[PDB]
Amino acid sequence: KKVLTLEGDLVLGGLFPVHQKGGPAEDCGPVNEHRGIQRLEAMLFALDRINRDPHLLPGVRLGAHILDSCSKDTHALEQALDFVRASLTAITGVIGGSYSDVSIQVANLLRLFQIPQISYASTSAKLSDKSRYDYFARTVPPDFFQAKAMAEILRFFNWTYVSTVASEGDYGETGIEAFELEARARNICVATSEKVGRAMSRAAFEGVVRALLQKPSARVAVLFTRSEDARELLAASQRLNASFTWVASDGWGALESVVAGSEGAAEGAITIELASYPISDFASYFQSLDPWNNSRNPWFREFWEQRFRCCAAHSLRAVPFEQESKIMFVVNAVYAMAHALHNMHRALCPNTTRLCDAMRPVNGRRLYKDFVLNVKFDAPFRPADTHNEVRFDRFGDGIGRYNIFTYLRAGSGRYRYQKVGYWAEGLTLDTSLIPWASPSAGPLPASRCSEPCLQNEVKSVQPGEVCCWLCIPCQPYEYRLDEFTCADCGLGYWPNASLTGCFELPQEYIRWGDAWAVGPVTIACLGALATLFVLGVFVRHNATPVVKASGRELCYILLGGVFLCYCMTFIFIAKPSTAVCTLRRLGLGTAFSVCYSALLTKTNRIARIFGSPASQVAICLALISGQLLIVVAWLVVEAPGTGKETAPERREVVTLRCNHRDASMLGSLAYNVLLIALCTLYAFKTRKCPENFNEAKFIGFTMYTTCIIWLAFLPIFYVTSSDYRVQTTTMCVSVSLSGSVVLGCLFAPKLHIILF
Ligand SMILES: N[C@](CC1c2ccccc2Oc2ccccc21)(C(=O)O)[C@@H]1C[C@@H]1C(=O)O
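Mapping of the sequence shown onto the authors' numbering: residues 23 to 110, 134 to 355, 362 to 662, 675 to 819, in sequence order.
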């Protein structure tokens with residue numbers, strides 16, 4: 023119907039919708055000053071203060087073509103064509142559109158004519174296609190940045206398992222996608238993700254609260270929701286007598302109005318709000334205008350029908372205006388496009404203060420791709436009192452500043468918002484103004500998985516949801532290799548206290564206590580006392596010293612074998628070397644053999660004689688060497704050990720033993736000896752032995768006795784292959800006992816009537 027033109031030399035158009043939503047008999051709706059006058063004036067204001075300030079080229083006035091807009095996309099396109107017709134004097138850019146649908150259709154047309162645009166309250170939900178949208182930008186940052194801020198807030202408080210709720214529309218979907226992308230980048234698991242809105246009614250709002258409340262692994266409701274829909278969730282929360290921490294978009298607006306009716310829903314909730322900074326000059330200019338006399342803006346007459354109770364009797368100054376962030380953005384926007392034109396004038400009309408024909412074709416041809424994008428311009432025409440920029444980057448983007456509030460139980464009044472901090476470039480907060488997180492008060496409820504593992508728990512658990520990483524205890528034969536696993540260190544190696552290393556089954560010998568005062572540790576070193584002294588008795592009693600060892604030994608080899616029995620047994624407890632394995636096979640092998648062999652040999656001489676010492680001895684010794692040489696070959700081919708590692712799941716090792724299965728390596732020597740002992744008793748049928756006494760008494764008593772003793776230990780010695788400990792006494796006793804039994808019976812008859 024009308025265009026609010028402004029006289030000037032160069033003209034910018036715009037869209038600050040006057041009217042809202044209409045119906046079947048109405049082209050569009052009622053007039054609304056929060057879309058209309060407070061923004062229509064913001065541009066007209068800026069244009070004249072721009073026209074007066076020398077930061078614009080001083081001889082060129084910027085006029086206007088403000089489109090007769092309604093908050094409708096269809097309407098905006100039909101009207102936008104008027105800019106196109108003006109440009110086929135003409136339009137050098139358009140500032141306006143209070144909704145993304147208004148901005149998009151106007152821009153869809155204008156881009157084709159190389160005319161740039163500025164938009165408000167529009168988002169990346171649709172305005173992300175820079176391949177076309179580099180022609181224009183928002184002054185108002187897109188809503189999705191708040192979703193990024195939400196993810197940052199949540200990670201800063203270590204909320205890593207959260208519930209995402211967003212509005213039923215495009216705002217909501219955009220917020221969810223942006224949130225989830227940032228949330229994953231920050232290692233935040235999103236426990237739930239859903240849309241809400243007034244359309245689903247109250248039962249559904251309770252259903253949403255119950256969906257999280259009845260699954261309280263997360264305890265924060267992250268709301269990328271417009272104000273009305275948020276109010277219905279908060280009401281549901283109180284109807285259900287419960288609350289969640291809420292983390293909120295600019296749809297909470299820093300306003301008690303979205304909350305306080307169900308204020309208990311929200312205590313300690315955090316809201317991102319779109320930052321707002323006054324220009325006192327507009328508020329003063331604007332509030333002080335009186336269009337009843339000031340012809341600048343005729344659309345006031347329609348707004349006045351409701352602002353004033355009729362009609363010029365009521366001056367404009369009688370009724371106040373809201374100093375909205377929308378004003379700040381519209382004023383700033385005009386300042387940016389104006390300073391882009393200032394640079395465009397220098398670029399196209401460098402020689403004057405007036406216009407040149409170079410700018411007569413629309414200069415939009417150079418503005419949209421350059422001059423209106425590179426616009427921070429170091430805060431030209433004096434914007435809001437940050438004075439930091441108009442906006443930066445402008446890759447379809449607006450300012451990007453957001454403040455952070457919290458909703459506090461100011462119970463002396465109603466629960467209230469207070470300034471915690473801000474985001475914009477990054478998150479800054481006083482957590483003490485957040486009783487959610489405040490020192491010595493903040494419960495930081497749940498909303499993370501039990502990720503920490505016991506230091507002794509490794510195997511990774513992903514119980515359906517990989518978000519909750521849990522651990523399984525390490526098998527104690529393995530050690531920690533990584534956070535999610537143990538490595539096998541060999542079974543005989545169990546994890547150590549170091550976690551990442553292992554405990555080796557130790558090796559040790561003395562396990563015999565008081566109950567074992569009769570064990571190897573006392574046998575091996577004491578049994579010797581019964582026999583080794585004997586050789587000195589013989590020296591005192593060696594009646595024929597004239598006989599050399601080569602013939603003398605015929606009656607001493609047996610004593611030698613007895614003494615060796617004890618010597619070996621002692622070493623077997625005392626010396627944790629290869630020497631013990633070596634000796635169990637080699638020294639012990641004759642120590643016990645001699646105790647029977649010497650007597651078998653004597654017995655057969657007796658059997659042949661009754662009913675030349677050099678050869679008698681050489682034979683007695685040859686019969687001993689014959690077994691030692693088997694063992695030497697064994698020792699050379701199969702070298703002796705110390706430890707005897709086995710049964711690694713539990714077993715301590717000794718260091719004083721063969722690592723070999725012993726079995727027959729000691730066994731066949733022991734069995735040759737048993738057979739010798741029994742052969743002697745057979746040979747003894749010839750019971751006749753005169754030598755000082757009838758020795759038939761003593762050799763009988765001796766061998767009947769030792770044929771029981773040797774035989775007595777063989778059932779253990781060559782059998783209990785499963786044991787680790789009895790063998791020590793099996794050997795200590797069997798051999799040392801045979802030792803004292805034979806001299807104590809054979810030599811003792813003489814030995815102690817002389818040593819009497
Ligand atoms: N459609 C939105 C609505 C956006 C908004 C902008 C200007 C004026 C009112 C207003 O309403 C809210 C309420 C909460 C969050 C964002 C907004 C848009 O106009 O750009 C935007 C997509 C996001 C959404 O759906 O929620």
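Ideal Cβ placement from N, Cα and C applies to all residues, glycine included.
Query	Result
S321: which of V471, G30, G451 sits nearest, CA to CA?	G451
Is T633 helix, strand or coil by DSSP?	helix
Does the distance between the C-beta of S164 and the nearest non-hydrogen atom of ligand 1 fall short of 7 Å?	no
Whether or not the segment 189-209 and the segment 304-324 are in contact is what I'm after, with contact meaning three or more pairs of Cβ atoms, one per stretch, closer than 8 Å; do they touch?	yes
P524 to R562, Cα distance in whole Å?	32 Å
What residues in its chain sit with their C-beta under 7 Å from that of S628, if we drop five residues either side in the sequence?	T705
Touch check for the segment 345-354 and the segment 52-63: three-plus C-beta pairs under 8 Å?	yes
If you pair each beta-carbon of the segment 576-594 with each one of the segment 632-640, do three or more pairs fall below 8 Å?	no
Contact between the segment 714-726 and the segment 615-628: three or more CB pairs below 8 Å?	yes
Taking 7 Å as the line, does the beta carbon of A170 fall inside it for any heavy atom of ligand 1?	yes
Could you tell me whether the segment 165-181 touches the segment 200-211, using the rule of 3 or more Cβ pairs below 8 Å?	no
Rounded to the nearest angstrom, what separates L99 and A328 at their Cα positions?	31 Å
Taking the CB atoms as reference points, tell me whether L406 and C400 lie closer together than 8 Å.	yes
Is any heavy atom of ligand 1 found at a distance shorter than 7 Å from the C-beta of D421?	no
Identify whether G81 lies in helix, strand or coil by the three-state DSSP scheme.	coil
Closest to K748 by C-alpha separation, out of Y734, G662, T768, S648, would be which residue?	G662
In whole angstroms, give me the CA-to-CA distance for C518 and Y206.	8 Å
Who are the Cβ neighbours of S288 in its own chain at under 6 Å, not counting the five residues just before and after it?	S282, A310
Could you tell me which residues DSSP puts in a beta bridge with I455?	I317, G472
Using DSSP with H/G/I as helix, E/B as strand and the rest coil, what is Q259?	coil
CB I140 to CB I163, shorter than 8 Å?	yes
Alpha carbon to alpha carbon, what distance is there between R107 and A86?	15 Å
Could you spell out where the alpha helix (DSSP H) holding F614 opens and where it closes?	608-625
Span of the beta strand (DSSP E) holding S549?	That residue, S549, is in no beta strand (DSSP E); it is neither H nor E in DSSP.
Under the three-state reduction of DSSP, which class applies to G640: helix, strand or coil?	helix
Indicate the three-state DSSP secondary structure (helix, strand or coil) for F428 in the structure shown.	coil
For the segment 458-469 against the segment 298-313, are there 3 or more C-beta pairs whose distance is under 8 Å?	yes
Find out if the Cβ-Cβ distance for the pair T768, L650 is shorter than 8 Å.	no
With respect to 7 Å, is the separation between the Cβ of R183 and the closest non-hydrogen atom of ligand 1 below this value?	no
Go ahead and pull the three-state DSSP assignment for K240.	strand
Using a Cβ-based criterion (distance less than 7 Å to any ligand heavy atom), does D295 qualify as near ligand 1?	yes
Alpha carbons only, please: which of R255, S173, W291 is nearest the one belonging to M195?	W291
Is any heavy atom of ligand 1 found at a distance shorter than 7 Å from the C-beta of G462?	no
Could you tell me which residues DSSP pairs with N757 in its beta bridges?	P753
Between which two residues does the beta strand (DSSP E) containing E508 stretch?	508-512
Contact between the segment 411-426 and the segment 370-382 is defined here as three or more beta-carbon pairs at a separation below 8 Å; is this criterion met?	no
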